[PDB]
Amino acid sequence: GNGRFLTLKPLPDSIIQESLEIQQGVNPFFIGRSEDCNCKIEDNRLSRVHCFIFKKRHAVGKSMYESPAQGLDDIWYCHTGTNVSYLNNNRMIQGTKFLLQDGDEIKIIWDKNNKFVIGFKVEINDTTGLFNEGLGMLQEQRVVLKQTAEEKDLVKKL
Amino acid sequence: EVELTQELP
């Protein structure tokens with residue numbers, strides 16, 4: 001790749017028919033209305049920085065007998081929007097993180113009454129030493145985590 | 001001229 005690792009493509013199912021590509025070189029990748037975000041998505045419903053994706057070095061506790069990935073990288077999806085995003089089947093509350101498995105469909109905004117439906121398809125084109133690329137790290141099948149100063153710090157300098 | 005987030009219920 002020339003600098004692209006993950007591809008988030010606002011599919012036709014969403015009001016947006018565009019394709020976004022997270023330049024592996026940029027970490028973390030910010031998405032939202034304001035062009036300031038590495039990704040450009042303007043939806044009056046979401047905030048200037050509705051959400052951002054961050055890549056981190058994947059590492060387990062121990063390797064007794066079995067030898068896991070040892071120490072590779074995994075892409076994380078962070079959400080900071082008020083409308084809360086939805087990843088596949090997990091809820092994303094303002095200040096949450098989620099693993100992005102190859103072919104991860106993330107819902108940025110969904111309105112039942114407003115019929116406002118959004119969603120991006122994550123397609124890993126390049127694997128920057130990815131432990132795998134994003135299969136769900138076994139056992140833990142798609143679980144939502146909380147964000148900390150580390151994540152908030154990245155957006156703070158947005 | 002807009003600059004607010006339409007937070008849904």
# chains A, B, ... in the order shown; residues from 1 in each chain; ligands from 1
call {"tool": "closest_atom_pairs", "arguments": {"of": "chain B", "to": "chain A", "cutoff": "7 Å", "atoms": "only C-alpha atoms", "output": "Markdown table"}}
result
| residue | atom | partner | partner_atom | distance |
| --- | --- | --- | --- | --- |
| B:5 | CA | A:45 | CA | 5.2 |
| B:6 | CA | A:45 | CA | 4.2 |
| B:7 | CA | A:83 | CA | 5.5 |
| B:8 | CA | A:83 | CA | 6.2 |
call {"tool": "select_by_dssp", "arguments": {"residues": "range 24-153 of chain A", "states": "strand (DSSP E or B)", "output": "number ranges by chain"}}
result
A: 29-32, 39-40, 51-58, 72-79, 85-87, 90-92, 96-99, 104-107, 110, 117, 120-124, 130, 145-146
call {"tool": "closest_residue", "arguments": {"among": "A:56, A:40, A:4, A:9", "to": "residue 106 in chain A", "atoms": "only C-alpha atoms"}}
result
A:9
call {"tool": "residues_around", "arguments": {"residues": "residue 13 in chain A", "least_positions_apart": "6", "cutoff": "10 Å", "atoms": "only C-alpha atoms", "output": "PDB file with N, CA, C and O atoms, in the first residue's frame"}}
result
ATOM      1  N   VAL A 117     -30.415   6.898   8.146  1.00  0.00           N
ATOM      2  CA  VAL A 117     -29.629   5.680   8.251  1.00  0.00           C
ATOM      3  C   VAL A 117     -28.231   5.850   7.666  1.00  0.00           C
ATOM      4  O   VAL A 117     -28.068   6.166   6.488  1.00  0.00           O
ATOM      5  N   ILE A 118     -27.225   5.625   8.503  1.00  0.00           N
ATOM      6  CA  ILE A 118     -25.839   5.735   8.077  1.00  0.00           C
ATOM      7  C   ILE A 118     -25.060   4.481   8.467  1.00  0.00           C
ATOM      8  O   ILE A 118     -25.429   3.773   9.404  1.00  0.00           O
ATOM      9  N   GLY A 119     -23.986   4.214   7.737  1.00  0.00           N
ATOM     10  CA  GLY A 119     -23.172   3.048   8.012  1.00  0.00           C
ATOM     11  C   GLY A 119     -22.006   2.929   7.054  1.00  0.00           C
ATOM     12  O   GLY A 119     -22.174   3.067   5.841  1.00  0.00           O
ATOM     13  N   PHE A 120     -20.821   2.674   7.595  1.00  0.00           N
ATOM     14  CA  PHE A 120     -19.622   2.542   6.777  1.00  0.00           C
ATOM     15  C   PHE A 120     -19.101   1.113   6.821  1.00  0.00           C
ATOM     16  O   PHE A 120     -19.163   0.452   7.858  1.00  0.00           O
TER      17      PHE A 120
END
call {"tool": "closest_residue", "arguments": {"among": "A:107, A:2, A:21, A:42", "to": "residue 2 in chain B", "atoms": "only C-alpha atoms"}}
result
A:42
call {"tool": "select_by_dssp", "arguments": {"residues": "chain A", "states": "alpha helix (DSSP H)", "output": "NGL selection string"}}
result
:A and (149-156)
call {"tool": "write_last_selection", "arguments": {"atoms": "N, CA and C atoms", "output": "mmCIF file, in the first residue's frame"}}
result
data_model
loop_
_atom_site.group_PDB
_atom_site.id
_atom_site.type_symbol
_atom_site.label_atom_id
_atom_site.label_comp_id
_atom_site.auth_asym_id
_atom_site.auth_seq_id
_atom_site.Cartn_x
_atom_site.Cartn_y
_atom_site.Cartn_z
ATOM 1 N N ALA A 149 -8.218 8.812 28.775
ATOM 2 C CA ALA A 149 -7.522 10.052 28.452
ATOM 3 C C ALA A 149 -6.674 9.899 27.194
ATOM 4 N N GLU A 150 -6.157 8.692 26.980
ATOM 5 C CA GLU A 150 -5.328 8.415 25.811
ATOM 6 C C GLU A 150 -6.086 8.722 24.524
ATOM 7 N N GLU A 151 -7.286 8.164 24.402
ATOM 8 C CA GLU A 151 -8.114 8.382 23.222
ATOM 9 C C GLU A 151 -8.573 9.834 23.143
ATOM 10 N N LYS A 152 -9.088 10.347 24.254
ATOM 11 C CA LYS A 152 -9.563 11.725 24.312
ATOM 12 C C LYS A 152 -8.434 12.707 24.011
ATOM 13 N N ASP A 153 -7.219 12.342 24.405
ATOM 14 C CA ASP A 153 -6.054 13.192 24.182
ATOM 15 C C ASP A 153 -5.784 13.375 22.692
ATOM 16 N N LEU A 154 -5.962 12.306 21.923
ATOM 17 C CA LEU A 154 -5.731 12.355 20.483
ATOM 18 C C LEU A 154 -6.678 13.346 19.812
ATOM 19 N N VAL A 155 -7.948 13.301 20.199
ATOM 20 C CA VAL A 155 -8.949 14.197 19.634
ATOM 21 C C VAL A 155 -8.763 15.621 20.154
ATOM 22 N N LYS A 156 -8.220 15.739 21.362
ATOM 23 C CA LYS A 156 -7.988 17.043 21.973
ATOM 24 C C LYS A 156 -7.123 17.920 21.072
#
call {"tool": "atom_distance", "arguments": {"atom1": "CA of residue 146 in chain A", "atom2": "CA of residue 53 in chain A"}}
result
13.6 Å
call {"tool": "residues_around", "arguments": {"residues": "residue 71 in chain A", "least_positions_apart": "3", "cutoff": "12 Å", "atoms": "only C-alpha atoms", "output": "ChimeraX atom specification"}}
result
/A:56-63,67-68,74,129-132
call {"tool": "residues_around", "arguments": {"residues": "residue 28 in chain A", "least_positions_apart": "3", "cutoff": "10 Å", "atoms": "only C-alpha atoms", "output": "JSON, numbers by chain"}}
result
{"A": [22, 23, 24, 25, 31, 37, 38, 52, 53, 54, 55, 56, 75, 76, 77, 78, 151, 154, 155, 158]}
call {"tool": "atom_distance", "arguments": {"atom1": "CA of residue 80 in chain A", "atom2": "CA of residue 1 in chain A"}}
result
28.8 Å
call {"tool": "residues_around", "arguments": {"residues": "residue 103 in chain A", "least_positions_apart": "5", "cutoff": "9 Å", "atoms": "only C-alpha atoms", "output": "list in words"}}
result
residues 7, 8, 121, 122, 123, 124 and 134 of chain A
